Each structure stands twice: as C-alpha cells, then as structure tokens.
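Architecture and fold: a report
Take a look at the letters that make up each chain.
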Number of protein chains: 4
Amino acid sequence: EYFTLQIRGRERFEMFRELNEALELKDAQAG
Amino acid sequence: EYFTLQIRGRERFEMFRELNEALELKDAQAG
Amino acid sequence: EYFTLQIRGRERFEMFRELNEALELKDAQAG
Amino acid sequence: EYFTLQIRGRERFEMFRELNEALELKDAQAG
C-alpha cells in the first residue's frame, strides 16, 4: 500500500519526480 | 533537504530505490 | 543529436527503454 | 551479449549514462 521514499538530494528527487509523473501519464493511455 | 514522495508502483519505487542507494555510493568516491 | 549507448545488460536496457518511451509521451503532451 | 540503444536526447542519455555507470559499480560490491 504505497511506498514513501525520502530523498535528501534535491536533484535525485527531481529525477524520480519526472519518472513518477510520466508513469502516471502512461496509465491514462494504458488501462 | 529531504523530500517524501509517495508512489503506488512497486517497480517504479524499486527503481528510484536503486537509484538512491546507487547515487549515495558514488558520493563515497566522488567529492 | 544522437548518442549510441551500448550496454551488456538486458535488464538495464529494458529500464531505459521504458524511460525513453515515457519521456517521449510526456514531451508530446507538454511544450 | 549487447544491446545498442540509439538515444535522441542529451539529457535522457545523460540519465541512462549515470544509471549504467552506477549499475556497473554495484556489481563490484554485490555479486
């Protein structure tokens, strides 16, 4: 049930944040 | 500065989880 | 602008393959 | 074993380039 991941690095977070965002978009076009 | 990012993806999270642990190891060598 | 990247990891490649297709999708929606 | 992945992005490539180099380093620690 969900997995919280704390990232101390601001850059690293931005990366995963971009992947998480693009991942959610794929779901919209992949049910 | 830590950042909590909740993700509902076992694979997606596993990715960032490996990228976070891999990025921390590189710091030990880098400067 | 192209950069041929050769890797001996079927798993690692599969990852970037998903990230590549996910990046093109998010880029198409944005501008 | 090899998998040539043609990338058409300087940023995207830089990402996989860091993930590829970071993955190879893990092999030295884990095996």
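Reading guide: rules and limits
- Residues numbered from 1 in each chain as written, not as in the entry; some residues may be left out.
- Chains lettered and ligands numbered in written order.
- Heavy atoms only, no water.
- Helix = DSSP H or I, 4+ residues; strand = E, 2+ residues; numbered from the N terminus.
- Buried < 20%, exposed > 50% of the residue type's maximum accessible area, 1.4 Å probe, protein only.
- Contact = heavy atoms within 4.5 Å.
- Expected span 1.5 Å × (residues − 1).

Per the header of the deposited record, the title is "p53 tetramerization domain wild type".

1. A few points about unusual backbone geometry
All names here are of chain A. Look at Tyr2: it is not a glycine, yet its phi comes out positive at around 60°. Relative to the elements of secondary structure, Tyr2 occurs in the segment before β1 (3–7). Its relative accessible area of 48% is what places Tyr2 among the partly exposed residues.

2. Quick word on the environment of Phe13(C)
With respect to the element layout, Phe13(C) can be found in helix α1 (residues 10–29). Sequence-wise, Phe13(C) and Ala30(C) are 17 residues apart; in three dimensions their C-alpha atoms are separated by 25 Å. Those residues within four positions of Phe13(C) in sequence are excluded, and the remaining contacts are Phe3(D), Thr4(D) and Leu5(D).

3. Observations regarding the side chain of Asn20(A)
Secondary-structure assignment places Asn20(A) in helix α1 (residues 10–28). Those residues in contact with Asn20(A), other than ones at most four positions away along the chain, are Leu5(B), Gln6(B), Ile7(B), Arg12(B) and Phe16(B).

4. A look at α1(A)
Along its 19 residues, α1(A) runs 28 Å from first to last C-alpha, staying within 8% of the 27 Å computed at 1.5 Å per residue. Along α1(A), the positions that sit buried rather than exposed are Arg12(A), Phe13(A), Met15(A), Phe16(A), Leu19(A), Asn20(A) and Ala22(A). Lining the buried residues of α1(A) we find β1 of chain A, β1 (3–7) and α1 (10–29) of chain B, α1 of chain C together with α1 (10–29) of chain D.

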